[PDB]
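Enquirer: any chance you can model this:
(6 chains)
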Amino acid sequence: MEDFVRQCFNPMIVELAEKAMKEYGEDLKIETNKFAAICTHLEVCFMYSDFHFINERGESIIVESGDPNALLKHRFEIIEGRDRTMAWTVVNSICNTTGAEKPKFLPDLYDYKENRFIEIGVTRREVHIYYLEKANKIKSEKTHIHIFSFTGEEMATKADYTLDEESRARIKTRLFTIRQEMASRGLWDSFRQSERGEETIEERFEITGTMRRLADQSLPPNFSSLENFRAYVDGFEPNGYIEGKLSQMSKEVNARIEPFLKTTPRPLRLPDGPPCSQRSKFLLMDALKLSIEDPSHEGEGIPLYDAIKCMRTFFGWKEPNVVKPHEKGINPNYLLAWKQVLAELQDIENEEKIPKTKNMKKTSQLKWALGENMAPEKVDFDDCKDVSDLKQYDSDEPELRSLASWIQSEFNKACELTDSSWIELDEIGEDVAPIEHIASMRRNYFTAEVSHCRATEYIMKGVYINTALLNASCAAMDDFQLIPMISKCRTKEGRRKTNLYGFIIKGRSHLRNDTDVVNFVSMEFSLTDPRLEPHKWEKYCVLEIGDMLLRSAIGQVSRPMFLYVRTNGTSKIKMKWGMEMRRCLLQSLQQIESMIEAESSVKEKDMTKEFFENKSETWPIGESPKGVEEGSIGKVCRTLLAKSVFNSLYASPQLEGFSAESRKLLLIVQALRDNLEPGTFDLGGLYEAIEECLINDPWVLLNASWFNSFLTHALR
Amino acid sequence: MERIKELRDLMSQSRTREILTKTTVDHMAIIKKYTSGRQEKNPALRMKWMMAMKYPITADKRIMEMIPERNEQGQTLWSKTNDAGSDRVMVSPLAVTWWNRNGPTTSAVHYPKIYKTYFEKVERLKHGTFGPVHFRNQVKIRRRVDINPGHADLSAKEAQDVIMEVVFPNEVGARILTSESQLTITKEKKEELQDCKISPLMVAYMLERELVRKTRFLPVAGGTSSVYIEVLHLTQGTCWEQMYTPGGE
Amino acid sequence: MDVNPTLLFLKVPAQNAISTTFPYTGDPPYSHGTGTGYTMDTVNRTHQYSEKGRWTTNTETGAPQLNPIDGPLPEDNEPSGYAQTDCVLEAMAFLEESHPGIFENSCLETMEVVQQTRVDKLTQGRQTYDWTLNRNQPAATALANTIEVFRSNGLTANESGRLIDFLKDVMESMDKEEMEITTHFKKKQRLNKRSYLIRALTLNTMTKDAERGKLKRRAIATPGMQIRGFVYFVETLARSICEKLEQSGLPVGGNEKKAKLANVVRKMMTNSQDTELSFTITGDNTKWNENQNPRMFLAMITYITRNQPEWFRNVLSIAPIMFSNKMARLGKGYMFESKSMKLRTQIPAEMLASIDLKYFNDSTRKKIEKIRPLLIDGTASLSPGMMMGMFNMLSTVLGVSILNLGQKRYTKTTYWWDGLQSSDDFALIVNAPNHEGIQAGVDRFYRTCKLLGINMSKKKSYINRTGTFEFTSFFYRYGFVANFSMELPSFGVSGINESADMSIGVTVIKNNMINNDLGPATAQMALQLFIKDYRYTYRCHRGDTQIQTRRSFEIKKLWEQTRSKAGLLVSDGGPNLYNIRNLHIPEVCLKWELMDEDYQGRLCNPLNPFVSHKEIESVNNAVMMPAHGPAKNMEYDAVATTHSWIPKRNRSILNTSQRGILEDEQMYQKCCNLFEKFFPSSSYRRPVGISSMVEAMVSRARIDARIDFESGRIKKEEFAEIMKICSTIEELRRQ
Amino acid sequence: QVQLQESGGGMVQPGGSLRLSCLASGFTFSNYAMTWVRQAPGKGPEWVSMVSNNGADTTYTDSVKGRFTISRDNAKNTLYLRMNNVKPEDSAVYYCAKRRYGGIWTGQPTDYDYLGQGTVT
RNA sequence: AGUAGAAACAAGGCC
RNA sequence: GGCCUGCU
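Expert: Residues are numbered from 1 along each chain as shown, chains lettered A, B, ... in the order given. Now the structure:
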């Protein structure tokens, strides 16, 4: 039958009908009479629509061939011959522009004169039944319907026929051409009734070929095919198989509970080796401040001018000389770098306006100090294979180092009060609710407690230094840059003040990965002699740069004044995390506020004021040789703030591992102290897990010592 | 006019012609998401790192013909170098602030009508009345509650057809909404937003947010009302209760 | 006196101050170089935990595979992957018996979803291993490349737009003699059957960074695109199953997890009378993923899908069949340094099979020597067990089956147990009349776990009396206690954009106040610090200050120009009006009534060249990877302002041979923008159909010109011009 | 009713420090905003500074930024003011004040209810 | 040298 | 010496 559509109809219509065939997903080889019927429907749609044009009037202009002009409007514009999505697109667009009603089924054409749709259907059966059939299929329709049938008859409601009658003679001539051409073909044994509305399909997902063999190799050891295994599974029913293997399984497979008593836990062993060194990016306990007493705010001002003005406030400069060498570098380079920094600072002082940011010369001194041109050149393996020295990067456990007493004192003095306010908080919306007033009062109390704390000063120092370093690295990637360490505080009298700890020289910072390292050299003034705790300054070079006179009742001290100079490095991640050190304030004060709220849930009243003023209640916050010492809530605030600050400063994988594996043991010990009969399956394994995190970090070793002390004081 | 004209210009060049011809409508989404740009793992680190560069943000090419290349002192506002995989050009953040001090101005009177949810929140809070804070242990029990206080009793898909018919009336397809509540919602949000020119996509998104009901599991103590859950952070705490009555009531 | 914070625990219980034990204020550990060492170590460890299995050689991939299932029962407490098929089938049968109709229903909904799912659902995924280029690429890019290759090779069933048809094409590709791929350096290369099989069965290995809570780094894996559809269907089934199990806690959030934990502890302890003792085990499973054999997941799913259409069973079984034969790419490689000659070199991992061992240290030398026998075409066969939690939900199902197997109806003894399982972590409440009963119950639970290939970490687990325990960093002590140290890293600028960052910060403060019991004063301090960091990050200072920045001039002139300066946004150098009462309001709407109409109009102008919206999914959704958890998405309330710009892209593609991808990106985006202008609903609802672009665009041009004349700007001249231009593009597409 | 006194007034050399003080009674001191206005000899008064009921939102004149600090104490019902590095032309009589609204920004900044007994030169 | 820690950075590539 | 890139 398909030979007929090969022969007669034009290409355009046959591929339109083929795409309509693909539309609903049925195959053309099984039933083709539908293809012919609907392609004839589509053909009558065209032949009825084309050759029919309109101009600004009604009364369509009919031309056998559209002449070249702007007057190519089509009388009837076709609906079908398009995908369902576009057919409904045209339906909705016509409804929204023509203000007509939206039909629920697919029309075939639209006309302007009568401003409505045409649903053309030419069926094998006579018209006077198919018409009202499709009419009762369509609900309350104003779209006019018109149908032909092979006998040659026409019909329509309203007795309406919308265009010329010679066109309809055309239609029925086409119709009988179709008819008495099948006459030569002979199809009416099924042509009248060949489609009955079949819609059914079964989804087929068959495993075959290579993928089947893979299925045959992904079974238990004693199975040969997926078919057999699935049959076995379907036939499988529970018949007490877990019990049999449990009985047969060796009894050494057990989870015996070892009781956890007061005498069970042993102190954590600390590693032994050379004392632990300093790792901070700046001096914490041994910092010195040169000040100007200016009225500018933290960010307000220009760095270089402030630094120069602060440094001019000090008199007593001496020619620098080596006091304590780096022990691994070239100290003369550090000396020359310091003198170069001074010289270029003067050079800025001379000229017209202090630059906002200064670049330094790339001398051999800072070329060595900043580690320039030291990365091995990257080459290909095929060119370097016979080199005996060629091997992997050194990948082994870090060097072992024992704890020293300097970190303990540094933390002790990091929780001490100061003679300045190191936090100038921002603005918030004016409090409107009583709860907001309570929150503001609490916040004011904590700010009064923690602002005068060395932890806040360290927070500001780190934030400013890391912000400046990151910005300089991102801006001046190539050229070495000078950045004075600046921090602005407020005195007890209320006068604002600036403080200059020293200088940082940032080097080449072409940082691609988050782990890539930018090297800088840090110089900081101090008065602490490095000849008393040399092991804490393994990586520092310390010079003697001047003498300071601070008013004291013992005449006047006239102390020496040294310069701690070192080469340090950071990374994008480290800079970003060090510039978010202000969340240590959060951590600490959230803990304290949780304490206050928990206690106030007992007594139905806010308990902040008496906690902060009466200072009757105290918490164990340290141990003295006499015994455990307790301090007021403010001291707890400062201690927790210092702990968070040191966590942010000495952060490392060792800290995370020890924190987790020691929190586990802390929970076990707490369960013991709560009389909850705690038990363990392998306590030695937990101890070994904790002890492997303690390698060389001073902070984690101090935490381990604190944990041992807590165990000793606990378990009683 | 224009649209078909850049269509013809695209089809003029062979590669885009092939892309238009062989690519089917269904694959639309795939090729639209086809990109070499990986999704950032650490957005904060790079936002703090990129903002230290010059020309850290991106803007459409049209910026080159509305904002001058430099400001009064000569600080550059935009660059003509296009982004990696787009025709947009990289520009400095000042071009934002500049646009807020001398850029073109319009009538933003209809934004309150579009962003109905946020302005309703503001109105509800502005007329609220606070009360005394009572300090006592709160037994916070976890419950499933509806957070959206303006949901019109419609699901995501249920209101999606409404949203299309309100914004994209022609792409609705087969669906013609039966429920009369949807009829009235369509009528109201059609006559209300008849000429709003913010964007079809944002209008649809905000209509989805407003009409679609959404639910989440939260620790609550008292309240349980939609209007009382948006301020759950302000009325309920660990050991304090703050009596509150939104402006709606 | 020496200060010691830990001594604070002598007065404050450990859980009431547990936040102090979370050093989440410093930089988390990161990996620096290759992850090849970790990948090799994981492969060797997975293979040696199942050493007593039986060896075979796959006839298709030619790789050695180790099957430990039904192997000898363990005789020691060391980890073992010798799961027994009959035991696990019986466990699943008991799970079904205790929950009748679970499998049949879940299979019904899964069948519905599978037969109505679309291909585009695969684009909604993070990095995936594209085999066309042998590298990780965004899910959409890899899917597009694979579809292009399939269409070039003759597999065009995916044009039906159905994920099931895409999987049919994927499987049909397995039986092809020779496929063709494209490489740029374009060159067409031919892949034989075995090479393509291994490329489709392989995984890409990387090192996990930003992982807090352990000293050593780990390795993670990413599969290809051929196997992700089957994984999607299997995980859909597993999620539908677990949603019907109250003992599971994987498909829920955190608060739901806490609620279920409280309910189970109350149920276990309350029902226990005075005579019965109760004990809670806070258990962690050692080597959870390395001991889960994909064959056992195949067994579980084929038991689940019994009495179901065979096509459903086949499509759900394809995934574990491929995992059982999965291969793993070793990794980036190894970098060597020579200090004598002062140079460095980078050898790819694919050379580990043949490269001499003189360059490697003792540990790496031994690892390579042990893993070499499993090396096939630069990748190692990893049949014995899963690599990194790809089947999270099925593992949770197995754990829930174990938990339910002690409902006192199967124990047949006075003791019994229950609890909650979330993959790699569990809480087990066991009750028994005497300590001997508790010991016997825990021993039998451990033994049954060892029969299913699941091991309990004795070093990271402990048992106490009920009332105090831990679960996924949630510490329960007669009621869950807030931590607030897990969410600390999320208190900074997110890094999306100005408005997005502001809204996300305020919303995070609000949420942590609601959930994590953040205090009022602490919340105010957090708001202040966040505002400070936000202003210092975006160079948007108050405007009344003299802080010179790259943006302080325009901000200052805008400040001096504005009359009501209280309405200026913090992004434009205005005061901050936020407070505890205003944390749930966007900044634009909070300052709407205070803004000057000129500034208000300039700010919220639709014609701004900065705002760009792509799809309904990416309107106000921000992907923030939370600390100590999987990547998560958040809805943030924000108004589309001129500050909603999107930041610059990487731009490093210009120096790589893969430079043509940018031109393809630009052309695809131009075509997509044209289509959207032709089809406005393209973004909100993704278009569907089987026609091509130009057909729809030209036909809609026809119709829209027509109707927009029937009322609108068009004119006959223009309408006819459009009609004949449509004809012109038609004949152009003809040729 | 409204009661406002002054203190600390006294002659002083330039470039020196000084601290003023005030006092209130008859109303909720922690519920209303304050300002400081000064009348120079032969010149109308103008505003100097403002402050809110929280102690948080402070502003200043254009010509005295960084040299004047303002701070209140609700408990003792006072309102301090510290001026350092005083300019020569700063010599004049200073007048306390009391806003009506709690905030500061809304409305124009001008004195409404006070009397400036205190002075300085 | 320095950062850092089971492998890396201490710029890369292209002419 | 000149130019390109900074998660590809």
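Enquirer: where along the stretch 101-250 of chain C do the helices fall?
Expert: In the stretch 101-250 of chain C, the helices defined using DSSP state H, counting those that start in this stretch lie at C:102-116, C:139-153, C:163-173, C:193-200, C:228-242.
Enquirer: for the ones you listed, which one sits closest to chain B?
Expert: helix C:139-153 (3.5 Å; CB to the nearest CB). For the C-beta atoms, the positions are set from N, CA and C on the backbone; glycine is no exception.
Enquirer: buried sites along that closest one?
Expert: For helix C:139-153, a neighbour-count test (16 or more other CB atoms under 10 Å in any protein chain shown) marks C:139-147, C:149-150, C:153 as buried.
Enquirer: take those residues and lay them out in a markdown table including distance to residue D:53.
Expert: Output for the buried residues of helix C:139-153, formatted as a markdown table (distance: CB to CB, whole Å):
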| residue | distance to residue D:53 |
| --- | --- |
| C:139 | 55 |
| C:140 | 55 |
| C:141 | 58 |
| C:142 | 60 |
| C:143 | 60 |
| C:144 | 61 |
| C:145 | 64 |
| C:146 | 65 |
| C:147 | 65 |
| C:149 | 70 |
| C:150 | 70 |
| C:153 | 76 |
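Enquirer: give me the subset of those residues touching chain B.
Expert: Among those, the residues lying close to chain B (CB under 8 Å from any CB of the partner chain) are C:140-141, C:143-144, C:147.
Enquirer: so residue B:243: helix, strand or coil?
Expert: strand (DSSP: H, G, I helix; E, B strand; the rest coil).
Enquirer: repeat that for the one 5 residues further on.
Expert: Residue B:248 carries the three-state label coil when classified by three-state DSSP.
Enquirer: pretty sure it is touching residue B:121, no?
Expert: No: taking contacts as CB atoms under 8 Å, residue B:248 lies outside contact range of residue B:121: 10.5 Å.
Enquirer: comparing these two, which residue is more hemmed in?
Expert: Set residue B:248 next to residue B:121 and count neighbours by other CB atoms under 10 Å in any protein chain shown: residue B:121 wins out with 24 against 13.
Enquirer: write out the residues of chain D neighbouring chain C.
Expert: Counting by CB under 8 Å from any CB, chain D sits next to chain C at D:57, D:59, D:65, D:105-106.
Enquirer: most neighbours, which of these?
Expert: Going by other CB under 10 Å, residue D:57 tops the residues of chain D next to chain C with 20 neighbours.
Enquirer: give me the element the residue nearest the centre of chain D is part of.
Expert: In chain D, the C-alpha closest to the average C-alpha coordinate belongs to residue D:36, at a distance of 2.7 Å (CA atoms, centre = their mean). Element membership for residue D:36 (DSSP states H and E) is strand D:34-39.
Enquirer: strands paired with that strand, and their directions?
Expert: Looking at strand D:34-39 with DSSP bridges, its partner strands are strand D:46-51 (antiparallel), strand D:93-95 (antiparallel).
Enquirer: please produce a markdown table containing those strands, extended by mean neighbour count.
Expert: Output for those, formatted as a markdown table (neighbours: other CB atoms under 10 Å in any protein chain shown):
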| stretch | mean neighbour count |
| --- | --- |
| strand D:46-51 | 19 |
| strand D:93-95 | 21 |
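Enquirer: could you dump those strands into CSV and include distance to residue C:343?
Expert: Converted to CSV, the strands paired with strand D:34-39 look like this (distance: least, CB to CB, whole Å):
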stretch, distance to residue C:343
strand D:46-51, 67
strand D:93-95, 75
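Enquirer: quick one: closest of those to residue C:54.
Expert: Closest to residue C:54 of the strands paired with strand D:34-39 is strand D:46-51 (CB to CB; 83.1 Å).
Enquirer: what sits up against the closest one?
Expert: D:33-38, D:57-61, D:64, D:68, D:70-72, D:79, D:81, D:94, D:99, D:104, D:109-111 (CB atoms under 8 Å, 6 or more residues apart in numbering or on different chains).
Enquirer: now do stretch A:350-369
Expert: In contact with stretch A:350-369 (CB under 8 Å, 6+ apart) are residues A:302-305, A:308, A:329-330, A:333-334, A:336-337, A:340-341, A:344, A:348, A:372-373, A:472, A:475-476, A:479-483, A:505, A:507, A:521, A:567, C:548.
Enquirer: now do 6 Å
Expert: Counting contacts by CB atoms under 6 Å, 6 or more residues apart in numbering or on different chains, the residues outside stretch A:350-369 that touch it are A:302, A:304-305, A:333, A:336-337, A:348, A:479-482, A:521, A:567.
Enquirer: the residue of the stretch 251-400 of chain A found nearest chain B and chain D, how far apart?
Expert: Closest residue of the stretch 251-400 of chain A to chain B, CB to the nearest CB: residue A:357 (12.1 Å). Using CB to the nearest CB, to the nearest Å, we find residue A:357 at a distance of 23 Å from chain D.
Enquirer: neighbours of that residue, just the number please.
Expert: 15.
Enquirer: on that earlier part again, any chance of a markdown table for the ones next to chain B among the buried residues of helix C:139-153, columns distance to chain A?
Expert: Below are these laid out as a markdown table (distance: CB to the nearest CB, whole Å):
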| residue | distance to chain A |
| --- | --- |
| C:140 | 23 |
| C:141 | 22 |
| C:143 | 20 |
| C:144 | 23 |
| C:147 | 19 |
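Enquirer: good, we can wrap up now.
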